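Beneath this line is the structure, given in structure tokens, with notes to follow.
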Amino acid sequence: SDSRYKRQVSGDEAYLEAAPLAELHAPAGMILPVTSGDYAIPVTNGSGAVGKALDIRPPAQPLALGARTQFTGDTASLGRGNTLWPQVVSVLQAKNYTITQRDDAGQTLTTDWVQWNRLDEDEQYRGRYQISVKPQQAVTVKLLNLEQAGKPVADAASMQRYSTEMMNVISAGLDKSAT
Amino acid sequence: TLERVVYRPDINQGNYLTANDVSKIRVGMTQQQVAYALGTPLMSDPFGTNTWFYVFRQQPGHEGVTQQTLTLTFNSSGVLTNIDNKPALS
Amino acid sequence: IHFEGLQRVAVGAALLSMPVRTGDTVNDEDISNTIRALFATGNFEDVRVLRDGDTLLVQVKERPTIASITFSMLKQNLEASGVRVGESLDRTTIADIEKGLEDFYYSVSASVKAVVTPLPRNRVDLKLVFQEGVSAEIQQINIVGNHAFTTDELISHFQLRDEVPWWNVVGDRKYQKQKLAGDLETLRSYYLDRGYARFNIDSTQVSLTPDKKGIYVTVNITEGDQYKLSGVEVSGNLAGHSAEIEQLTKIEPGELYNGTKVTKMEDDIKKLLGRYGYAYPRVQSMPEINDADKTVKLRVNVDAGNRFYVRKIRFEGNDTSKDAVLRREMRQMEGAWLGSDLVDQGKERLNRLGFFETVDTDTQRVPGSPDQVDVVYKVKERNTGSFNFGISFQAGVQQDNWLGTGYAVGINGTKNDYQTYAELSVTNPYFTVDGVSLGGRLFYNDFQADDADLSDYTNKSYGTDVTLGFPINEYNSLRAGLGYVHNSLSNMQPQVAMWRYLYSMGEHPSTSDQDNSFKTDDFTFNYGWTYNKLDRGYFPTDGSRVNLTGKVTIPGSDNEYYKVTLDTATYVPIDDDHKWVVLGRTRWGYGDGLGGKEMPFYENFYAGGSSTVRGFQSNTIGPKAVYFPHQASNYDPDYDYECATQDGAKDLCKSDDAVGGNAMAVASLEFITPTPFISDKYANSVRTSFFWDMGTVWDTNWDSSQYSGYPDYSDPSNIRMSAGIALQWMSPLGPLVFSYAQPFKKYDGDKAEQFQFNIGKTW
Amino acid sequence: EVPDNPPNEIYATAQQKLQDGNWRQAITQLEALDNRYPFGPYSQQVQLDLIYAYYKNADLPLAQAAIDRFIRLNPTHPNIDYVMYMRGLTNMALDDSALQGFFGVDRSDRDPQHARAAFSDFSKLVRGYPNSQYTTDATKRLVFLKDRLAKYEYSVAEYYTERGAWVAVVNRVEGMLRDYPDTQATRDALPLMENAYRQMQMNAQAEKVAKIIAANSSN
């Protein structure tokens, strides 16, 4: 049970060893046959992952329970209630998360390094986030940090999943207490 | 050692030209009426030129290969300039 | 260039869907073409194009996105025809969605309606309501209008039966597609079939009951006398040419007109011209009536239309076997002139392989060229193999098509405290090309009795051989090869026939006391002939196959003998080339030693079991060993013996065991019927057959010298019989063969089974 | 049998059983969750989870139909290019049946319809959205697919070379240069067209192909 088979494709990796493509030089006084093609590979330089390194897990646009969230990031998005942003801090302490940087002015705080947990993830993850409210009121959760076994992860695939994981916890606490 | 062997079926390869049908071609064709009664040539010309290769090849019953090759050279306007007919082989 | 307002589809896919070019052109055919393409996208209920500029203006009424289809198996016809959640449904729907649902409710009635209620966001939601009645069945339908034959005699046909009990089944109503049009065509074919030329049906009468409790149909004719045919005249092409077409028209004058013979002539001519490369020979028949005469002169119009070649041959549906497998079995040449019966021989041989069921051929022309044609062979690619694991350890495996290729590979092994046996067979057909096959076989069989060590009877056998076959005829092959077999024997105890062989081989073993030694290595030249013409490689509906295998020793060799065996299988369908089929098979064998004889006792044919005569235990029918007394060298560590001194018996002793003879005959007659009810319609993967089995084995050397008592083992005489039911079911693990039968005979066939399960691969 | 448990919790159970679990047991709850709530809010994510799980479960026909219904239903977007990469990925997984699949056999011939479908899907993915994290990988799969189809044409050309089919050999290799001129099997297939031309007693085209071979070496 290495759990890495859920993050990878099915078939083999043999398609990476395929030799590159080089066109044919035509002799003097003639041409090649032309052309169709109908098979074409426009030039695209990298940069993304290949083979088993590519993460094929379905992307993340939950939760939205008004409910519809805006686009992804680098950002999170959440008709609306009345007032009392501190509900976010009450549900943040309801999960006993560690909180370091605290400001009650702009309705924004910075959440600490408390680690995550997932079943389909190989080693493990963790990260620090930032929560804010910008009024008729929308809660946004961004983050700058990542660690997998202590290694930083800047990739765009995990950023959506682990931003929406914290957004899922916020939506779970506020959804519970608000109803 | 193979002096005499068996077995093998007939292998027919090419366009079927009947003799006298080939006698129906003449200089000044439009390349449209060449295809009228001969056939659409199953071998045409790459590279870069215009010639229609009508090849008649047969290989029945271990006997031997019999192929006559009629190649037609057309100009840029679709009119055949040249006719080259070589029956059998060597 | 400004749009508006477009819910759903945005500017990106909308602008590229029309020839805009964006600054500019003024063409007023391009507003009809751009509006026609925008309407062709299917995203809009209405589209306008106006110019208030300078810049061009657009108008878009977006197509509704249906929120829910409420029918109120009920959504079966809707999710298919059809629209699920999603689209874009528009005005043309309610046209066809009403009539489609009305006509779709008459099978397995109602007058429906359509409810379009627009919701916010994008447009509408649909609700479909139904109505109670009414129904319609087949009240009274008749012609007028015949005078011959009787109206009741005129209507059968494929339908519609109005009406009479009892007791009647199936039913009930019918209309349109294959019912009234097809049966009107059946009446036309009947009336035009026997005499009665120039027969034309005048319109039709379709009327509804005012109560809608019935529906009336009527046909108006207009017979047109008799006109017994005289002569035929063919006018037209081609180089095909004539003598065959002329011989197809040979029907003599004086006979009455028959339409099915005219059409038969038509498709016969079309097949004829199809053999020579003309794949679309437009052909029609125009009879010329004679009123003063009693006769008619048929005018056949024929045009061959440009003999067609083959551009490419593609094989779709093979995800395991290679392309060369199906391509090498073809006689049709890519890049050559097509003909029929060459592509039909491709399907023939493809079925003959049995690697795929089912295979189908399609002849499709090529766009732009009225010459070239592509022929595609689709294959379902059934499973070729069987995995056999018993336990003692027993593992066989058989693969006809290995992975790709078509290398025929098989392995066998068994191991226990007594016997160890391994056999490996590899036959590669199409060695080089043309169907030349080459394969080897390796053989190892070794078993002692008690081991521990070098005490009781021991048997050890090496074996090897190689065979090279090729074809001669299309359906005929024959093989030539050679092999070597080593045999070593210690002890083995005395018995009559085996020691008659030992006596003939020059070695005098001590008569019954205990042990002896024998070592013999023989080289054989093996030949074969295989005739195969079958419907398909397995479950054959029609055909037959005959195999002949033989071997003769070569010098210098210890053992000197020759052996010949032949098998026959025949499948005769009793209806048309399918379904009910009666099969029969035979297995004959014989052999003998050269010089002073005698054929070795590891040769002899056996019988009984699932392979020969079902309901009997394996390898026992005719011959059975007759022992002598003897000593033991082991005796009784809990073991019991047949005949030995102390526990005393000495005269000579019969036995329950089996040796086997040098001559054998077996015949089976099976009645192959379709599997019983609860059938798949895919049931082609399972076969159910009654059968009657028979056979016998005898050793051509017997006695005479034995005046007994003990039976006569040289005789066809009393044979063995069986009758019962057997079925074969193709699994993913392999073909399964089980049988329950037996006997009509035996007549001392000794043991029996009456239930047999074999995988297999068993004939 | 899935229960009536509230629609938000059933997706949670199917979510844990989707992450850790064996798929199809969670696939059942995802399909029932697709039945309930026909339009949103979970329909999109439930449909994507159905896709991913169907593919990883070797349900590939049902996966195929699923992503086809998705890409036809709501191609807004993102996220689509993931779904397109799943189309080409599933069509590629329809090739390589296989236990063959274990040993070193060359799939290059067989039936290359699924490879062509995957080449079309990956093609419309890159040409397309040459941004999303799966592009370059789809590109490498594109060159692999192109070379593979060229390998099929080279196989047919090889057998037909063995048969004496030289007209069909020239038509096949010509079709290779007229489809995949830059692949390996075309350059390796040039001497086959040369040998066919010479065997058919046409030496002009034979010298032409010979000079074409003299232009390059490999590969």
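Numbering starts fresh at 1 for the residues of each chain in the structure tokens, the chains themselves are lettered A, B, ... in the order given, and ligands are numbered from 1 as they appear.
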Determine, for each residue of chain D having at least one atom at most 9 Å from an atom of chain B, the closest pair of atoms and their separation in Å to one decimal, counting only C-alpha atoms; order by chain and ascending number, as a Markdown table.
| residue | atom | partner | partner_atom | distance |
| --- | --- | --- | --- | --- |
| D:163 | CA | B:11 | CA | 8.6 |
| D:164 | CA | B:11 | CA | 7.8 |
| D:165 | CA | B:13 | CA | 6.7 |
| D:166 | CA | B:13 | CA | 7.9 |
| D:167 | CA | B:13 | CA | 6.5 |
| D:168 | CA | B:13 | CA | 8.1 |
| D:170 | CA | B:43 | CA | 7.9 |
| D:171 | CA | B:43 | CA | 7.1 |
| D:174 | CA | B:46 | CA | 8.1 |
| D:200 | CA | B:67 | CA | 8.3 |
| D:201 | CA | B:89 | CA | 7.3 |
| D:202 | CA | B:69 | CA | 8.6 |
| D:205 | CA | B:47 | CA | 8.0 |
| D:208 | CA | B:47 | CA | 7.6 |
| D:209 | CA | B:47 | CA | 8.9 |
For those residues, write N, CA and C atoms to a file as a CSV table (one decimal), in the first residue's frame.
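To be explicit, this is the file written out as part36.csv:
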chain,number,residue,atom,x,y,z
D,163,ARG,N,5.5,-10.5,-49.2
D,163,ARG,CA,4.6,-11.2,-50.0
D,163,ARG,C,4.8,-11.0,-51.5
D,164,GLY,N,5.5,-10.0,-51.9
D,164,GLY,CA,5.6,-9.6,-53.3
D,164,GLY,C,4.6,-8.5,-53.7
D,165,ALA,N,4.1,-7.7,-52.8
D,165,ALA,CA,3.0,-6.8,-52.9
D,165,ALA,C,3.5,-5.4,-53.4
D,166,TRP,N,4.7,-5.3,-54.0
D,166,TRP,CA,5.4,-4.1,-54.1
D,166,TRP,C,4.6,-2.8,-54.5
D,167,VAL,N,3.6,-3.0,-55.4
D,167,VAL,CA,2.6,-1.9,-55.6
D,167,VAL,C,2.1,-1.4,-54.3
D,168,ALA,N,1.5,-2.3,-53.5
D,168,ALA,CA,1.0,-1.9,-52.2
D,168,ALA,C,2.1,-1.4,-51.2
D,170,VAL,N,4.7,0.4,-52.2
D,170,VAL,CA,5.0,1.8,-52.6
D,170,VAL,C,3.8,2.7,-52.2
D,171,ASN,N,2.6,2.2,-52.3
D,171,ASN,CA,1.4,3.0,-51.8
D,171,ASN,C,1.5,3.2,-50.3
D,174,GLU,N,4.5,5.6,-49.5
D,174,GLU,CA,4.0,6.9,-50.0
D,174,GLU,C,3.0,7.5,-49.0
D,200,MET,N,10.0,-4.0,-59.2
D,200,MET,CA,9.0,-3.8,-60.2
D,200,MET,C,9.6,-3.3,-61.5
D,201,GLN,N,10.9,-3.2,-61.6
D,201,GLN,CA,11.6,-2.8,-62.8
D,201,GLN,C,11.3,-1.3,-63.2
D,202,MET,N,11.2,-0.5,-62.1
D,202,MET,CA,11.1,1.0,-62.3
D,202,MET,C,12.4,1.5,-61.6
D,205,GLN,N,12.2,6.0,-60.3
D,205,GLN,CA,11.8,6.2,-58.9
D,205,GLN,C,12.7,5.5,-57.9
D,208,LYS,N,15.4,7.9,-57.5
D,208,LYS,CA,14.9,9.1,-56.7
D,208,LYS,C,14.9,8.7,-55.2
D,209,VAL,N,14.3,7.6,-54.8
D,209,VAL,CA,14.3,7.2,-53.4
D,209,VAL,C,15.7,7.0,-52.9
Can you build me a table of chain D residues sitting at most 8 Å from chain C, with the closest atom pair per residue and its distance in Å to one decimal, using only C-alpha atoms, sorted by chain and residue number, as a tab-separated table?
residue	atom	partner	partner_atom	distance
D:38	CA	C:68	CA	7.9
D:39	CA	C:67	CA	7.3
D:73	CA	C:86	CA	5.7
D:76	CA	C:9	CA	7.8
D:95	CA	C:319	CA	7.2
D:96	CA	C:319	CA	7.7
D:97	CA	C:319	CA	6.4
D:98	CA	C:320	CA	7.6
D:100	CA	C:403	CA	6.9
D:109	CA	C:323	CA	5.9
D:110	CA	C:322	CA	4.6
D:111	CA	C:318	CA	5.4
D:113	CA	C:316	CA	7.6
D:155	CA	C:324	CA	8.0
D:156	CA	C:324	CA	7.2
D:159	CA	C:324	CA	6.5
D:162	CA	C:433	CA	7.9
D:163	CA	C:433	CA	7.6
D:165	CA	C:333	CA	7.1
D:167	CA	C:335	CA	5.6
D:168	CA	C:335	CA	4.8
D:171	CA	C:335	CA	7.5
Compile the residues of chain A that lie within 9 Å of chain D, evaluated using only C-alpha atoms, and express the compilation as a PyMOL selection string. chain A and resi 3+6+9-12+15-28+30+32-51+54+56-65+67-68+118-121+156-157
Output of the above residues as a compact mmCIF listing (two decimals), in the first residue's frame, restricted to C-alpha atoms:
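This went into selection.txt:
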# COMPACT_ATOMS: atom_id res chain seq x y z
CA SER A 3 -0.67 5.00 -2.15
CA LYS A 6 -3.75 6.78 -7.08
CA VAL A 9 -1.37 6.97 -14.64
CA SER A 10 -2.11 3.32 -15.43
CA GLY A 11 0.16 2.18 -18.25
CA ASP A 12 3.93 2.03 -18.45
CA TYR A 15 6.52 6.46 -24.11
CA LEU A 16 9.20 8.78 -22.69
CA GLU A 17 12.01 6.82 -24.37
CA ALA A 18 10.52 7.45 -27.83
CA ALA A 19 13.13 8.95 -30.14
CA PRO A 20 12.57 12.58 -31.21
CA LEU A 21 11.32 13.64 -34.65
CA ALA A 22 13.53 14.94 -37.47
CA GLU A 23 12.15 15.85 -40.88
CA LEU A 24 13.56 14.69 -44.22
CA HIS A 25 15.97 16.71 -46.35
CA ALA A 26 14.82 16.74 -49.94
CA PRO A 27 17.35 16.01 -52.70
CA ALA A 28 18.24 18.60 -55.30
CA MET A 30 12.87 17.19 -56.45
CA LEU A 32 9.05 15.08 -50.94
CA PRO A 33 5.40 14.07 -51.24
CA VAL A 34 3.05 16.66 -49.81
CA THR A 35 1.58 16.81 -47.30
CA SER A 36 -1.65 16.22 -45.37
CA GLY A 37 -0.60 16.09 -41.74
CA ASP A 38 -3.43 15.68 -40.30
CA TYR A 39 -0.75 14.69 -37.82
CA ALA A 40 1.00 17.71 -36.35
CA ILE A 41 2.83 18.58 -33.14
CA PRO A 42 3.10 22.37 -32.72
CA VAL A 43 6.12 23.55 -30.76
CA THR A 44 5.40 23.77 -27.03
CA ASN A 45 8.36 24.07 -24.66
CA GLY A 46 7.78 22.23 -21.36
CA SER A 47 7.59 22.93 -18.65
CA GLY A 48 5.24 20.64 -16.78
CA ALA A 49 5.54 17.16 -15.32
CA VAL A 50 5.74 13.96 -17.37
CA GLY A 51 5.25 10.26 -16.75
CA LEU A 54 2.27 14.09 -13.27
CA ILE A 56 -3.74 12.82 -12.41
CA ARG A 57 -5.98 13.23 -9.37
CA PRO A 58 -9.10 15.24 -10.25
CA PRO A 59 -8.69 18.99 -9.73
CA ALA A 60 -10.54 20.80 -6.93
CA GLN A 61 -13.41 23.27 -7.10
CA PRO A 62 -15.39 22.53 -3.92
CA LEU A 63 -17.24 23.32 -1.70
CA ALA A 64 -19.92 25.99 -2.14
CA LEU A 65 -22.69 25.06 0.27
CA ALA A 67 -23.40 28.87 -2.68
CA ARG A 68 -21.10 29.36 -5.58
CA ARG A 118 -4.82 12.99 3.49
CA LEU A 119 -5.41 9.34 2.63
CA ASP A 120 -4.29 9.40 -1.03
CA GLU A 121 -1.13 11.45 -0.37
CA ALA A 156 -0.07 24.65 -9.42
CA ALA A 157 -1.67 21.22 -8.94
Ranking B:81, B:18, B:66, B:73 by minimum distance to chain C and counting only C-alpha atoms, which one comes first?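 Checking each candidate against chain C, we get B:18 as the closest.
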Residue contacts of residue 339 of chain C (8 Å, only C-alpha atoms) excluding same-chain residues fewer than 5 positions away, as a PyMOL selection string: chain C and resi 274-279
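Between chain B and the candidates C:393, C:729, C:470, C:616, the tightest atom-to-atom separation, counting only C-alpha atoms, involves C:470.
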Filtered DSSP result for segment 212-407 of chain C, state strand (DSSP E or B), as number ranges by chain: C: 215-220, 232-236, 283-289, 296-302, 309-316, 336-337, 359-366, 369-379, 386-390, 393-399
Residue nearest chain A among B:33, B:1, B:82, B:49 (counting only C-alpha atoms): B:49
Which residues are near segment 21-24 of chain B? Cut-off 9 Å, only C-alpha atoms, ignore same chain within fewer than 2 positions. Put them as a PyMOL selection string. chain B and resi 17-19+26+34+37-38+70
Save the residues we just selected, N, CA and C atoms, as a CSV table (one decimal), in the first residue's frame?
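That gives us result_12.csv:
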chain,number,residue,atom,x,y,z
B,17,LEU,N,-4.8,-3.9,-67.5
B,17,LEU,CA,-4.8,-3.3,-68.9
B,17,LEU,C,-4.8,-4.5,-69.9
B,18,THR,N,-5.7,-4.4,-70.9
B,18,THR,CA,-6.2,-5.5,-71.7
B,18,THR,C,-5.4,-5.7,-73.0
B,19,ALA,N,-4.3,-5.1,-73.2
B,19,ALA,CA,-3.8,-4.7,-74.5
B,19,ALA,C,-4.7,-3.7,-75.1
B,26,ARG,N,-3.9,8.1,-76.8
B,26,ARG,CA,-3.3,8.8,-77.9
B,26,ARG,C,-2.7,10.1,-77.4
B,34,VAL,N,-7.8,9.9,-70.1
B,34,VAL,CA,-6.9,8.8,-69.9
B,34,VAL,C,-7.5,7.9,-68.8
B,37,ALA,N,-11.4,5.3,-69.8
B,37,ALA,CA,-11.1,3.8,-69.8
B,37,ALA,C,-9.6,3.6,-69.9
B,38,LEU,N,-9.0,3.6,-68.7
B,38,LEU,CA,-7.9,2.7,-68.4
B,38,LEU,C,-8.2,2.3,-66.9
B,70,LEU,N,3.4,0.5,-68.4
B,70,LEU,CA,3.1,1.6,-69.2
B,70,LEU,C,3.1,2.9,-68.4
Mind checking which residues fall within 12 Å of residue 171 of chain A, counting only C-alpha atoms, ignoring those fewer than 3 positions away in the same chain, and posting them as a ChimeraX atom specification? /A:62-65,67,69,76-78,87-88,91-92,138-141,164-168,174-179
Have a look at B:48, B:63, B:72, B:83 and name the one nearest to chain A; count only C-alpha atoms. B:48
Identify all residues of segment 27-145 of chain D in alpha helix (DSSP H) (DSSP on the backbone) and supply them as JSON, numbers by chain. {"D": [27, 28, 29, 30, 31, 32, 33, 34, 35, 43, 44, 45, 46, 47, 48, 49, 50, 51, 52, 53, 54, 55, 56, 60, 61, 62, 63, 64, 65, 66, 67, 68, 69, 70, 71, 72, 73, 81, 82, 83, 84, 85, 86, 87, 88, 89, 90, 91, 92, 93, 94, 113, 114, 115, 116, 117, 118, 119, 120, 121, 122, 123, 124, 125, 126, 136, 137, 138, 139, 140, 141, 142, 143, 144, 145]}
For residue 216 of chain C, please output as a PyMOL selection string all residues within 7 Å (counting only C-alpha atoms; exclusion window: fewer than 4 positions along the same chain). chain C and resi 139-141+206-208
Separation of atom CA of residue 620 of chain C from atom CA of residue 749 of chain C, in Å and rounded to one decimal: 7.3 Å
Neighbour list for residue 504 of chain C as a PDB file with N, CA, C and O atoms, in the first residue's frame, cut-off 10 Å, only C-alpha atoms, skip fewer than 3 positions in-chain:
ATOM      1  N   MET C 498       2.801 -58.019 -22.936  1.00  0.00           N
ATOM      2  CA  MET C 498       4.028 -57.231 -22.863  1.00  0.00           C
ATOM      3  C   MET C 498       5.260 -58.115 -23.005  1.00  0.00           C
ATOM      4  O   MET C 498       6.244 -57.726 -23.644  1.00  0.00           O
ATOM      5  N   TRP C 499       5.219 -59.316 -22.431  1.00  0.00           N
ATOM      6  CA  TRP C 499       6.335 -60.241 -22.556  1.00  0.00           C
ATOM      7  C   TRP C 499       6.294 -61.046 -23.844  1.00  0.00           C
ATOM      8  O   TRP C 499       7.290 -61.694 -24.180  1.00  0.00           O
ATOM      9  N   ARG C 500       5.170 -61.038 -24.562  1.00  0.00           N
ATOM     10  CA  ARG C 500       5.203 -61.477 -25.950  1.00  0.00           C
ATOM     11  C   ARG C 500       5.999 -60.493 -26.796  1.00  0.00           C
ATOM     12  O   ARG C 500       6.814 -60.899 -27.635  1.00  0.00           O
ATOM     13  N   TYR C 501       5.787 -59.192 -26.574  1.00  0.00           N
ATOM     14  CA  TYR C 501       6.620 -58.190 -27.231  1.00  0.00           C
ATOM     15  C   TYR C 501       8.080 -58.340 -26.822  1.00  0.00           C
ATOM     16  O   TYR C 501       8.979 -58.330 -27.672  1.00  0.00           O
ATOM     17  N   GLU C 507      15.179 -60.232 -26.383  1.00  0.00           N
ATOM     18  CA  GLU C 507      15.524 -60.403 -24.979  1.00  0.00           C
ATOM     19  C   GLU C 507      14.614 -61.448 -24.351  1.00  0.00           C
ATOM     20  O   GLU C 507      13.386 -61.345 -24.441  1.00  0.00           O
ATOM     21  N   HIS C 508      15.217 -62.456 -23.722  1.00  0.00           N
ATOM     22  CA  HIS C 508      14.439 -63.417 -22.958  1.00  0.00           C
ATOM     23  C   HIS C 508      14.465 -62.991 -21.500  1.00  0.00           C
ATOM     24  O   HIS C 508      15.488 -63.176 -20.824  1.00  0.00           O
ATOM     25  N   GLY C 593       4.978 -54.112 -35.921  1.00  0.00           N
ATOM     26  CA  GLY C 593       6.422 -54.112 -36.018  1.00  0.00           C
ATOM     27  C   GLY C 593       6.900 -54.713 -37.327  1.00  0.00           C
ATOM     28  O   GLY C 593       6.235 -55.556 -37.926  1.00  0.00           O
ATOM     29  N   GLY C 596      10.852 -59.167 -37.515  1.00  0.00           N
ATOM     30  CA  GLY C 596      10.271 -60.093 -36.563  1.00  0.00           C
ATOM     31  C   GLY C 596       9.254 -59.431 -35.655  1.00  0.00           C
ATOM     32  O   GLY C 596       8.967 -59.930 -34.562  1.00  0.00           O
ATOM     33  N   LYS C 597       8.715 -58.299 -36.106  1.00  0.00           N
ATOM     34  CA  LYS C 597       7.808 -57.448 -35.336  1.00  0.00           C
ATOM     35  C   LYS C 597       8.554 -57.015 -34.037  1.00  0.00           C
ATOM     36  O   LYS C 597       9.778 -56.886 -34.112  1.00  0.00           O
ATOM     37  N   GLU C 598       7.936 -56.772 -32.869  1.00  0.00           N
ATOM     38  CA  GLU C 598       6.546 -56.355 -32.647  1.00  0.00           C
ATOM     39  C   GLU C 598       6.500 -54.903 -32.165  1.00  0.00           C
ATOM     40  O   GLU C 598       7.462 -54.412 -31.572  1.00  0.00           O
ATOM     41  N   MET C 599       5.396 -54.217 -32.458  1.00  0.00           N
ATOM     42  CA  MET C 599       5.239 -52.829 -32.044  1.00  0.00           C
ATOM     43  C   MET C 599       5.422 -52.699 -30.532  1.00  0.00           C
ATOM     44  O   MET C 599       4.913 -53.531 -29.771  1.00  0.00           O
TER      45      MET C 599
END
Using Å and a single decimal, report how far atom CA of residue 714 of chain C sits from atom CA of residue 692 of chain C. 24.3 Å
